[PDB]
Amino acid sequence: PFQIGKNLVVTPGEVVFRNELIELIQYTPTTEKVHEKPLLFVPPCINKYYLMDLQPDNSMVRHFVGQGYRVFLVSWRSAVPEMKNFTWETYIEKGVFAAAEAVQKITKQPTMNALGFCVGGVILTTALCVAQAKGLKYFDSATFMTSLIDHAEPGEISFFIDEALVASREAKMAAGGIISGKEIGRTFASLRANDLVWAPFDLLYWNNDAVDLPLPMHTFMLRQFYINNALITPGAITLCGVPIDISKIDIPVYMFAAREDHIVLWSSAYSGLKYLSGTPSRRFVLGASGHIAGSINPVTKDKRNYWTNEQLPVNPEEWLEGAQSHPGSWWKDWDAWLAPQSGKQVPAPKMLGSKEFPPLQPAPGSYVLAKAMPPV
Amino acid sequence: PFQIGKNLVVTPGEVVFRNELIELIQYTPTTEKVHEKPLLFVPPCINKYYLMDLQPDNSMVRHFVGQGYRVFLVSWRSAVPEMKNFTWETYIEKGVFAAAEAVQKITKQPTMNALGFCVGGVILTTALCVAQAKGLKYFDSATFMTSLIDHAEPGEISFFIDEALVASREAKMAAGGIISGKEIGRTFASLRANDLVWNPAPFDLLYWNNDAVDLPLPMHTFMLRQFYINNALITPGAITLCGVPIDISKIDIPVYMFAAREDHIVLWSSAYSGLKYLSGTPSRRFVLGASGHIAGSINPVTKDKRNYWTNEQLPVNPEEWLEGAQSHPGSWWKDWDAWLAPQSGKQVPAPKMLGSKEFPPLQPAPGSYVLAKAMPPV
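Line order of the protein sequences matches chains A and B. Taken in order, the first sequence gives residues 174 to 371, 385 to 562; the numbers are from the authors' numbering. Taken in order, the second sequence gives residues 174 to 372, 384 to 562; the numbers are from the authors' numbering.
Shown next as structure tokens:
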């Protein structure tokens, strides 16, 4: 069967940093030269990251390392009791910022480009606001891959959030707790039959390999984003001492959505763009197909197509009407957008980590191997 | 590994009638006596029927035959070019009514009870209106299993209907056409991630899901326009079928409605919303099953897992219905059986032959139409 790290999730590298929330994976170079400016992947913390690193042929991380990027990836710890009080803020501080700090220390580069996928995109979005407000310059650009900002139309999840249960948890928040992967899967699972082509056993395995979340983080996510749609209203939430205002984000943004995505409706993603009014530029790219088939659409096979349009009208239907279709994988377009923002070519590093951050264990590390807690 | 008719869809019987749209399957009795009044299953047409007849343990058809019902089932023909002009009305006439006429002729019984599942329930609803208006008495009761009547909240499908495409097809309706299984699977999706858990499951369901059908363009276009966009059934006379202005307040037989609590395809409160429009009926029953679209609908008595909820009161607010409901362990099929059986006549000896002299058995169940594969890409 599947053994994570052995016949799945095999892109070579090392865990180079670990804390109470993350392992940071640094991938081994496969090119003689690399773009100097690192690339940080922020996967979701619902399910395991390795949707982005399945087999070599369909691995997103492997592709980008092969394009010369200095790829680092956040591997989230599945919640256990010592994490029962962790909050959304913990994911910003101990997740995104801790990762960014380690990247700066290891590479000696002052900044990086960031990618956030699914809920990792929402965490990244909030992290960007905190960083901007505090003058912390971690990121030179941000990419949001099938992630919401405007949660007004979150899809069918809207019908299945139990507001009374969220309120019950809020009442007892200070005690913390653990939300089971089983519970999370009833609302946040993202696999559909049409993603299985026709290993589609890889995807079936991934879908069932669930992870747990801290109660405070999860309850806040439901209340503030899904119910209150807080990000569209400046100052509606406060994180890390900062009133959150998406209009303050001030770096180039790339936003990817998939046309047939039933999990993150493409028009709902598109709706976020108008809120990013402090950015110097925004790029929206629409991939063909469904959530997984469209998102994880590799260049190795280069199937399907994507659409581009540099004009960003308010109406997504107008965007699409003016768009140009291009054959193959949107990864190519993202690469072309990222590369000019990635510095000059330098020799590939000969070692993983650094003296201060020595390699700890081979990729894919220990946190991705955890099994969800037993039923309670 | 899956061979339809051999290790799935194996409830014994015979095709006893065939026309350009349907094969009617009559199932072999497994009881010495049967309820006299037959039971007609009108399955989904957007997918193949055999979600209702998977493995023996989870087969709905097999269970009901084993309870003593004289079960007949409509197996819909996947659309081919000779069907490219078929309409919604065709599904009423060549589907539901043709089946009911054959049942009458084979059994010599004047009426039957009907079950409609998913879009089969919608077709059945419209057929009941036509029959009522024309004084045709085919049905003594109707059961709607995860089917909409009020389409105001149809769920995620709303986001995946392109009105402009519907309109362009309306403009060219006379020419007819075929809507591919691929297109159908991009707008309708019967499965969710919880149905795909893996450690046959989930492969039996994936095979069923991927065993796609095609639909005639006029039927499918009408379905999208009139139900999903216009929500025509809630307005008397908003559509006309078979010469008849459709007014669901005219339906005048007992109704049973099933929905599943965690159903993402047919939201249970959306199903519930239809009940208030069935104002001509002598009785209405709503039953809510635990779990999702597949596991909640096809929840067999053999294992008798999960639960269902009952409440005789029918308030406008579905939350009020649920707050007043009583939970019962196991399968809702038990409840449906208890509702159906008193409406199913006396016990008579099981028929010794399938079909009749006029309707001889044509081939063993599950027949030929179910074995057809979708047309190639174009």
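Cβ coordinates follow ideal geometry from the N, Cα and C atoms, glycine included.
Alpha helix (DSSP H) segment containing residue i, residue limits
i      : result
A:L524 : 517-524
A:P502 : 502-507
B:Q277 : 271-280
A:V303 : 292-307
A:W392 : 387-394
A:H477 : 477-481
B:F333 : Neither: B:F333 is in no alpha helix (DSSP H) and is coded neither H nor E.
B:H236 : 233-239
Residues of its chain near residue i, where Cβ-Cβ distance is below 6 Å and the 5 sequence neighbours each way are ignored
i      : result
B:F411 : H324
B:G186 : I198, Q199, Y200, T201, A549
A:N367 : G476
B:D226 : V182, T184, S232, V234
A:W493 : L472, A509, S511
B:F543 : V189, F190, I279
B:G178 : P550
B:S528 : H208, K210
Buried versus exposed, by CB contacts within 10 Å (16 or more), residue i
i                      : result
B:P429                 : exposed
B:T419                 : exposed
A:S463                 : exposed
A:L389                 : buried
residue 378 of chain A : Missing here is residue 378 of chain A: after 371, the next number in chain A is 385.
B:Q240                 : buried
B:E329                 : buried
B:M537                 : exposed
A:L472                 : buried
A:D488                 : exposed
A:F361                 : buried
A:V450                 : buried
A:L425                 : buried
Where residue i sits in the DSSP three-state scheme
i      : result
B:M559 : coil
B:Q228 : coil
B:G328 : helix
B:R250 : coil
A:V428 : strand
B:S314 : strand
B:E542 : coil
B:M441 : strand
A:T360 : helix
A:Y200 : strand
B:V207 : strand
B:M285 : strand
B:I177 : strand
B:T405 : helix
B:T494 : strand
B:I195 : strand
A:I352 : strand
B:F245 : strand
Chain-order list of residues whose beta-carbon lies under 8 Å from that of residue i (same chain, five-residue window excluded)
i      : result
B:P533 : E205, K206, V207
B:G421 : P429, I430, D431
Span of the beta strand (DSSP E), counted from its first residue to its last, around residue i
i      : result
B:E187 : 186-191
A:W452 : Looking at the DSSP string, A:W452 is not in any beta strand (DSSP E); the run it does join, the alpha helix (DSSP H), is 452-457.
B:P513 : 510-513
A:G473 : 468-473
A:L212 : 212-215
A:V532 : 531-533
Residues near residue i by beta carbon distance below 7 Å, same chain, minus five either side
i      : result
A:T203 : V238, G239
B:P229 : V183, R235
A:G508 : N495, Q497
B:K257 : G349, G350, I351, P400, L401
B:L301 : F312, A315, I435
Short CB-CB distance (under 8 Å) between residue i and chain E
i      : result
A:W493 : Although the question refers to chain E, the structure presented lacks it and instead comprises the protein chains A and B.
Distance cut-off 7 Å: residue i Cβ against heavy atoms of the ligand SAH
i      : result
B:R468 : Annotation note on the ligand SAH: not contained in the displayed structure, which lists no ligands.
With 8 Å as the C-beta to C-beta threshold (strictly closer), list the residues of the segment 348-367 of chain A near chain B in chain order. Of all residues in the segment 348-367 of chain A, the ones placed with a Cβ closer than 8 Å to any Cβ belonging to chain B are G358, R359, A362, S363, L364, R365, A366, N367, in chain order.
Residues in the segment 505-517 of chain A with C-beta within 7 Å of chain B's C-beta atoms, listed in sequence order? none
Please identify, using Cβ separations under 9 Å, the residues of the segment 391-412 of chain A that lie next to chain B, in order along the chain. Answer set for the segment 391-412 of chain A: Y391, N393, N394.
Please list, in chain order, the residues of the segment 450-462 of chain B that have any C-beta partner in chain A closer than 8 Å. Per Cβ criterion, the list reads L451.
Of the residues that make up the segment 318-350 of chain A, which ones have a beta carbon closer than 7 Å to any beta carbon in chain B? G328, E329, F332
What are the residues in the segment 211-226 of chain B lying within 8 Å of chain A by C-beta distance? none
Short-range partners of chain B found in the segment 418-451 of chain A, where Cβ spacing is below 7 Å: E446, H448, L451
Give, in chain order, every residue of the segment 278-305 of chain B whose Cβ lies closer than 9 Å to some Cβ of chain A. none
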